[PDB]
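Here you get one chain, nothing else, as structure tokens; it is the form deposited in one PDB entry.
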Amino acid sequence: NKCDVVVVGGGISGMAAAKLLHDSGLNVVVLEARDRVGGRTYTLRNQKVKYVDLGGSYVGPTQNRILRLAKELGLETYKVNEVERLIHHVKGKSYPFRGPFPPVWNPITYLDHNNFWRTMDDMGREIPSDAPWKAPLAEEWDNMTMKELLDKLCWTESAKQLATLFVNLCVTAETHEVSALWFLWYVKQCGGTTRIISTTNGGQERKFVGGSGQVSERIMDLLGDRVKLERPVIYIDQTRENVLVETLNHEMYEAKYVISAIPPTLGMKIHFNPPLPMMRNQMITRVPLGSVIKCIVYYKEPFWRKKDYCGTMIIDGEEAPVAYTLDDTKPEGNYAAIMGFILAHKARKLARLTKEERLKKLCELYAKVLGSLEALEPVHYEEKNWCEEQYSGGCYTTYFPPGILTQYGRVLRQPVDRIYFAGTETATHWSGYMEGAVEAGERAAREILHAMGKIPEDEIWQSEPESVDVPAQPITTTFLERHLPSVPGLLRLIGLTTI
């Protein structure tokens, strides 16, 4: 029954909020729909894999809140393998490369590729992280899909193909599904194109030893009996003096405040009294999550390293079930594994197959890409289709279709009376990640602390000191990168001379 704050959702965001509130002396309850905590992070343990993250996993430089939280919980990180060559597989052929970006040799194509990534970052700088709808050209950009933006910008198919894969990979959605404004915001608030795509010095640099699930599990340990599993919230009543929160299993909780730490659209699973205000009412019907199957194929040995491949593959083409892989071998060098994502429409398409059929398709792909028969001899397989999850709605995160972010964006974390909104979707830095979950959970907690008069207003949003264990190298550009012309720029420069 009675407490100071009910937290709805025991994912990282909700657990981070509950921890903060608990540490400040408030009585908190966490109401979690599932028989486990973690939400879109999930670590499976069995003897065959030891442990494996089937949801969120990667952390890297500039993600200082998750890093600090995890380190306080007694967790260690290790570096994803990127020692050997990366592979870009395109038109049925593999092109090994070192460094973050695949090399482009054709000078026209090179100009086009260079201008695309640069323009994405240029457009990002016009977009406030905390209020993307305030971008000078917010409406124009929001009324376009990423597909239309790619069609305008990319004068080569090669740049368009790669850009498309980049969007599919970052947001598990098709270019034609997502607002251009939203996707440009999303990249910018992760620190730009380089930071979002890099392993070394980027978002995918590291994983946690033992799994990211330990973040939520260990916060549950600290909170003890305050976390209620198999308590899906069905009803929130704010008509009276104390907020009443009812669960499916027929329990009632009474609190001063509520933190909603679930994906925005899953707000739909709750009946509200009084009804939600108009904008939120409609917003929660407008904000789907992407589609992904995360797949891990185990091998006796990390045999790709012997061929001087790190295990990173960037795989273009409709026929490839998986467009992106990372080496998922343990830091001890055992439980050799390739992690791959089945993205967007392919997650829909290939979900129809059996587990064994998908295993076969992935091995046959890896064998081709790696040029190795050994890829055809897996010792184990694990996968997770996030599309089927009633209490996530998909992964990694919520995308915004055209028109939505400018019309409804400002309401995402706007408090509804005594309900405050956490969840990674409401973050301003690495929204979509475990990092953004921590930011949003802790900020929603502090919004409540301020409402109770416990902290000043200027303390709701708190800066995070940089990790000493995972420091960030700055993102640099070259002179040529900055000033080389686009394709139309080159053409104009030919027109001008030849006149």
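Residues carry their position along the shown sequence, with the first being 1. What we label the rigid core is the largest C-alpha set whose atoms superpose within 1.5 Å from one form to the other.
Displacement analysis by core superposition in 9 other deposited structures of this protein ranks 96 to 104 above the other of 96 to 104 and 240 to 248 in root-mean-square C-alpha distance from the shown form.
Across the two stretches, 365 to 373 and 412 to 420, the PDB entry reports the greater mean Cα temperature factor for 412 to 420.
For the pair 442 to 450 and 58 to 66, the record assigns the higher mean C-alpha temperature factor to 442 to 450. Across the options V28, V37, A437, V52, the residue with the most elevated CA B-factor in the record is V28. Of the candidates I342, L162, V243, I262, the one whose C-alpha carries the top B factor in the deposited record is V243. Per the PDB record, residue ranking by Cα B-factor puts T43 in the middle third of the chain. Placement of the Cα temperature factor of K134 within the chain: middle third of the modelled residues, per the deposited record. Remark: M252 belongs to the highest third of its chain, ranked by C-alpha B-factor as recorded. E332: CA B factor in the highest third of modelled residues in this chain (values from the PDB entry).
Remark: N168 belongs to the lowest third of its chain, ranked by C-alpha B-factor as recorded.
One more form of this protein exists, namely the form solved in complex with a small molecule; it is left out here, but the text below deals with it.
Heavy atoms within 4.5 Å of the small molecule in the deposited bound form are found in one stretch of 164 to 172, 138 to 146, 328 to 336, 124 to 132, which is 164 to 172. Scanning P96, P288, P100, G403 against the small molecule in the deposited bound form with a 4.5 Å heavy atom cut-off leaves one residue, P100.
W117 is the sole member of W117, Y299, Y408, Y253 with a non-hydrogen atom lying within 4.5 angstroms of the small molecule in the deposited bound form. Contact annotation: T77 falls outside 4.5 Å of the small molecule in the deposited bound form, judged by heavy atom distances. Using a 4.5 angstroms threshold between heavy atoms, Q214 stays clear of the small molecule in the deposited bound form. The small molecule is not shown here, and in the deposited bound form it never comes within 4.5 Å of any heavy atom of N201. Although the partner is absent from this view, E82 contacts the small molecule in the deposited bound form, with a non-hydrogen atom inside 4.5 angstroms.
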